[PDB]
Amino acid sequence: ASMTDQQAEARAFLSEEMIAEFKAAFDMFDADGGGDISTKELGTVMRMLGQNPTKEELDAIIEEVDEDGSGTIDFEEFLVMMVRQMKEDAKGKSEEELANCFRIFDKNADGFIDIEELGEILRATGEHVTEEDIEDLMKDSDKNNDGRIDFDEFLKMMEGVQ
């Protein structure tokens, strides 16, 4: 996974209209039409496009793309950094949402989802689920056989691979 290789993969990850959209903002900081912008403006374009890198993350990227000291970042490297950030942010969002999902499922707030809680939420979806079906989910997800799903087990059940 070389730079060019990473760059190829960053473009395949986005739709072309998204890429053109990203470049239209990036171009407003170029001016010289060189295809690059100052590393001092990278945080601003990234936030303009919905990303939220921390200052340490910004520092780390700049050090990664500015080894020759030109003080600029080109568009292709920009896309790589944007896809890195997108993936990190989206994963943060999913984790957050799963913790919310669990507090809701765990009706009595004991820190566990029991079969009663599990059946109540699945039946409320409107799907025609049977008690068999609920009990099958419980057994497959209950890794330590204590009859309930803790948060770790929940994460594993939901993310599936996990």
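We number the residues from 1 along the sequence you see.
ask   = Once you work out the mean C-alpha B-factor for both 16-24 and 135-143 from the entry, which is higher?
value = The entry gives the higher C-alpha B-factor average to 135-143.
key: Stretch with the higher entry mean CA B-factor, where the candidates are 64-72 and 116-124   = According to the PDB entry, the answer is 64-72.
inquiry  = Maximum C-alpha temperature factor per the entry, among 53, 50, 33, 111, belongs to which one?
reply    = Of the candidates given, the C-alpha B-factor peaks at 33.
request  = Sort the modelled residues of this chain by their C-alpha B factor and say whether residue 39 lands in the lowest, middle or highest third.
outcome  = Within its chain, residue 39 is a middle-third residue by C-alpha B-factor, going by the deposited values.
task = Please rank the C-alpha B-factors of the chain's modelled residues and tell me whether residue 155 sits in the lowest, middle or highest third.
result = Middle third.
task = Classify residue 46 as lowest, middle or highest third according to the C-alpha B-factor given in the PDB entry, relative to its own chain.
result = Lowest third.
request  = Could you say whether, by C-alpha temperature factor, residue 58 belongs to the lowest, middle or highest third of its chain?
outcome  = As the PDB entry reports it, the C-alpha B-factor of residue 58 lands in the lowest third of its chain.
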